[PDB]
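curious how this folds, go ahead:
(one chain, ligands or ions: 8)
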Amino acid sequence: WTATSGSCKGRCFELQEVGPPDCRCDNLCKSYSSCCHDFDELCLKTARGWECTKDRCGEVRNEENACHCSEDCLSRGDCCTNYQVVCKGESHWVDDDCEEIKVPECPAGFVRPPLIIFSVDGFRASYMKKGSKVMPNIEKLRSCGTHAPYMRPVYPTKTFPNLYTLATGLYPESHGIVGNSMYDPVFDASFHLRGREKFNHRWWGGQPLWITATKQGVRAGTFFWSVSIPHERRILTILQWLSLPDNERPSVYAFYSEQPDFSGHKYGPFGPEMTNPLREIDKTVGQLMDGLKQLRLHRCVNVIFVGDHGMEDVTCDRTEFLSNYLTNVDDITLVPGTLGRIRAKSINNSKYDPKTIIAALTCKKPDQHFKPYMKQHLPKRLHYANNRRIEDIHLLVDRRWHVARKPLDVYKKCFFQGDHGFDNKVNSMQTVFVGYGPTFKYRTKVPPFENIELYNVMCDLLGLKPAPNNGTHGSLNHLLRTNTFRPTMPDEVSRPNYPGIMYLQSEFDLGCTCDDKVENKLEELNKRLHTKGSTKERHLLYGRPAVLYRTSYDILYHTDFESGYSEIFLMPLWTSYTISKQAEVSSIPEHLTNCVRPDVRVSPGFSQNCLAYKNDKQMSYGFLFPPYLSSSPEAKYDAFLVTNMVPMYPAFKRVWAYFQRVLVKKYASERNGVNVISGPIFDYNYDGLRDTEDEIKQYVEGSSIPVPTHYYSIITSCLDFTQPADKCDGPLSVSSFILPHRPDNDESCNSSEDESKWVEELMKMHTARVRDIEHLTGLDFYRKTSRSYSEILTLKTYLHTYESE
Ligand SMILES: *[C@@H]1O[C@H](CO)[C@@H](O[C@@H]2O[C@H](CO)[C@@H](O[C@@H]3O[C@H](CO[C@H]4O[C@H](CO)[C@@H](O)[C@H](O[C@H]5O[C@H](CO)[C@@H](O)[C@H](O)[C@@H]5O[C@H]5O[C@H](CO)[C@@H](O)[C@H](O)[C@@H]5O)[C@@H]4O)[C@@H](O)[C@H](O[C@H]4O[C@H](CO)[C@@H](O)[C@H](O)[C@@H]4O[C@H]4O[C@H](CO)[C@@H](O)[C@H](O)[C@@H]4O)[C@@H]3O)[C@H](O)[C@H]2NC(C)=O)[C@H](O)[C@H]1NC(C)=O
Ligand SMILES: Cc1cc(OCc2ccncn2)c(C(C)(C)C)cc1Cl
Ligand SMILES: [Ca+2]
Ligand SMILES: [Ca+2]
Ligand SMILES: [Cl-]
Ligand code: NA
Ligand code: NA
Ligand SMILES: [Zn+2]
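Residues are numbered from 1 along each chain as shown. Ligands and ions are numbered 1, 2, ... in the order given. Sure, structure below:
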């Protein structure tokens, strides 16, 4: 109940929400059915429209008008945005040359430059180039300020997950808004785009920017705009708040536009009908900038022009139907569209089985346009698993397609020609970023980055300390003229041991054998030096990774590779090696096929054993430094050490062997040498974070050898590929992956074929940031380079996407 018979007199778009059943006058009252009786009349004026004309100049103030052209309007803060232009001979902001804003030029009483976030729904990255002719204000912001060619949204590439990620710096799995539709089994409650439940605060986790600001003494304008409030009024309201007295005036504001998304759904991303919505958005930007210029704020305010996701061509005929795969279609609930989420229709039905649902959806048709996953097997770069609102069964839908349960769902619901929601690496889903103002750089292009990074920057822009989030603070310092955040490297927590030769061969009873008894002062001093770390500067190019948790581990040096060997997990945490352009690939000699050698630097009690692999009929083993890339027949023996061995399903060895035998050398050829760091990852609770030992759910049968859920590699070279990886003077280039360690290759539908037809495609799908691997391992890489730390942070957030231009 609301007693809607109070009044909005003097209260229009009040910043503090009043408690029911007192009537509300805030920009949210419309959404709650709670506005005072006179809200429309007082707060949503429209008389005479939105622009001054010649005949209105210096008019007598009429309080009925939408905006004003009277002499007193500047001091009242309520002129039409074009008042100075029409009535005072001023130029529009877009017609002024751009001039570097070296320092904030703010009216007296402003303690800090305000921030205005101008967010646009469905604004695909390529609109910046393709619509440039019809967006002169946006193009001026873009060319004069700081911009990226595109900004990567989060998955799923839907509106609320992305806007709330912008507000919090969190992955959807952590902020809780994991889709546009949700069921929370703990609450036993559902969240929908339509309706009231979406306004309940228990859906919205983390700490959004307006709360961060308020808690730290910075006032905030409202972020949510009720749909029926026209754009012109949103702008005028922001401008009015900006004329408040110093103690009442917010420092952070948001505008939101439902366009171009709204039209994009109806006409497709490049429909001829799309030109008009882009013109209209640009005109709105023009109104804001003219309005700031009138208030002498146009060289004071930082403006961020940012999208939530792009838009792809998607029509009704490109719909796959679960009814063409499943007999039990009525025993399942599907969240449909550009992604699929499946759960049982009834928790009372114990005959429901996810295993057989997945199998029935796996590689069943030759051109199948979706791929089923258990959520923990989704590419780790999506960070889409650790939330009870994300169903165990997930369908990754191909770009341009939909998934639906039954045909009737689609024609009893062609309407649409566009949609979004797909994998956040897809080009059509990419969106925009422009920063313009005293705190941003002048005429600067920056590399593409992920929207999870912006919360930290918005906090820096406002002098706020960010709540804990998934950004990497400092990685976007290169966007900023000032207010940078000067992070330090995390402290190493565990220092390594450097074991020498401490064990005789006969002390080991591991059930391993090797044909290696084949017997020189020249080359005995030589081998000693290699074991003491003489080639270490060649194979460990950026310093050893720091171990950021408490553990027991040994550094092991070898001619061709260096490793950090965990006495707790019985295998390396990391193995580092450099492969120059000239390096030669060789084979595993016949007499060494099953060779595994005790490492006399490491106790039997802290070693793996061969008997466990023999006894474990599902589990085989592989090596982290590949024997194929040994520098000499003699160095090859090092690669067969029990300390270089890791557990691998035979199905996974097909992947790994092709990566090590073919792909590493290909990359070294193309990139002029690579440095490779590889290792295991344990993430049994799919939280994106390193497992402790007591979280490991699987061991090699009969042993304490833990089975990794994934294997990583980080592959680094010189960005200037005229320089070899091991002699690089400037910026680095990186690509990484986190491959799932799976006992089958069901994910790859062409796996019966030669590895050359499917392996590299799988690795591309599981591309990762170095930062993703840092979370998963508790390691910190690139500790010793000649580069600035902020530059290294940017490198650690890089994602190699393998999309075209
Ligand atoms: C991305 O960035 C984010 C932010 O930094 C990272 O997420 C953090 O990770 C931490 C580790 O997982 C986690 O710390 C835990 O916090 C527990 C208290 O949490 C509450 O309070 C915070 C602070 O205000 C709040 O933010 C939390 O909000 C979550 O939950 C509510 C609903 O409950 C949601 O609305 C909200 O969206 C959010 O949900 C998300 O997080 C939870 C986990 O907290 C997930 O379950 C959800 O799926 C969702 O993703 C909370 O309200 C604290 O209790 C934990 O402490 C336990 O574990 C420690 C280990 O040190 C142990 O020492 C303690 O004893 C304790 O164990 C006891 O409880 C166990 C579990 O019940 C039990 O088994 C034991 O036996 C003990 O009894 C823990 O410290 C932190 O909360 C989240 N923060 C957020 C915002 O998500 C994230 O990791 C980053 N991602 C990547 C890839 O890097
Ligand atoms: C810039 C911005 C705008 C936002 O909301 C704008 C909006 C969206 C849908 N309907 C009405 N208004 C949000 C919400 C989290 C969604 C509050 C966050 C940000 Cl960062
Ligand atoms: Ca949207
Ligand atoms: Ca984990
Ligand atoms: Cl969804
Ligand atoms: Na075996
Ligand atoms: Na397969
Ligand atoms: Zn949309």
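
helix, strand or coil for the nearest residue to residue 134 once chain neighbours are set aside?
Nearest in space to residue 134, with sequence neighbours left out and distances taken as CB to CB, 6 or more residues apart in numbering, is residue 279 at 5.0 Å. For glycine as for every other residue, the C-beta is placed from the backbone atoms N, C-alpha and C. On the three-state scheme (DSSP: H, G, I helix; E, B strand; the rest coil), residue 279 is labelled helix.

quickly note the distance from residue 279 to ligand 2.
In this structure, residue 279 and ligand 2 are 22 Å apart, going by CB to the nearest ligand atom, to the nearest Å.

how many neighbouring residues does that residue have?
For residue 279, the count of nearby residues is 15 (other CB atoms under 10 Å).

these two touch, right, it and residue 133?
No: the pair residue 279 / residue 133 is not scored as a contact, 9.9 Å apart, by CB atoms under 8 Å.

what's the nearest residue to residue 653 if we skip its chain neighbours?
Closest to residue 653 by CB to CB, 6+ apart is residue 622, at 5.5 Å.

just checking, that neighbour is part of a strand?
Yes: residue state for residue 622 (three-state DSSP) corresponds to a strand.

in this structure it contacts residue 649, no?
No: between residue 622 and residue 649 there is no contact under CB under 8 Å: 9.5 Å.

who in the stretch 151-300 of the chain is up against ligand 1?
Within the stretch 151-300 of the chain, the positions adjacent to ligand 1 are 170-171, 173-176, 205-206 by CB under 6 Å from any ligand atom.

spell out which residues of the protein are next to ligand 5.
179-180 (CB under 5 Å from the ion).

any idea which element residue 702 lies in?
Of the helices and strands defined by DSSP states H and E, none includes residue 702.

switch to numbering from 3
Understood, numbering begins at 3; the last thing we discussed is residue 704.

ok, now how distant is it from residue 608?
Per CB to CB, to the nearest Å, residue 704 is found 17 Å from residue 608.

so for these two, which residue has more residues nearby?
Neighbours per residue (other CB under 10 Å) separate residue 704 from residue 608, with residue 608 holding more: 18 against 12.

list the contacts for the more buried one?
Counting by CB atoms under 8 Å, 6 or more residues apart in numbering, residue 608 touches 569, 572.

same thing with residue 696?
Per CB under 8 Å, 6+ apart, neighbours of residue 696: none.

that one in helix, strand or coil?
helix.

need the contact list for the nearest residue to residue 403 once chain neighbours are set aside.
Closest residue to residue 403 apart from its sequence neighbours, by CB to CB, 6+ apart: residue 371 at 4.2 Å. Neighbouring residues of residue 371 by CB under 8 Å, 6+ apart: 320, 322, 399-400, 402-403, 405.

next up, phi/psi of residue 371, please.
Here is the backbone geometry of residue 371 (degrees, to the nearest 10): phi -100, psi 30.

any idea how far it is from residue 331?
From residue 371 to residue 331 the distance is 18 Å (CB to CB).

and stretch 582-597, how far apart are its ends?
End-to-end distance of stretch 582-597 (CA to CA, to the nearest Å): 26 Å.

please apply the same query to stretch 70-86.
Taking CA to CA, the first and last residues of stretch 70-86 lie 11 Å apart.

buried ones in that stretch?
70-72, 75-76, 79-86 (16 or more other CB atoms under 10 Å).
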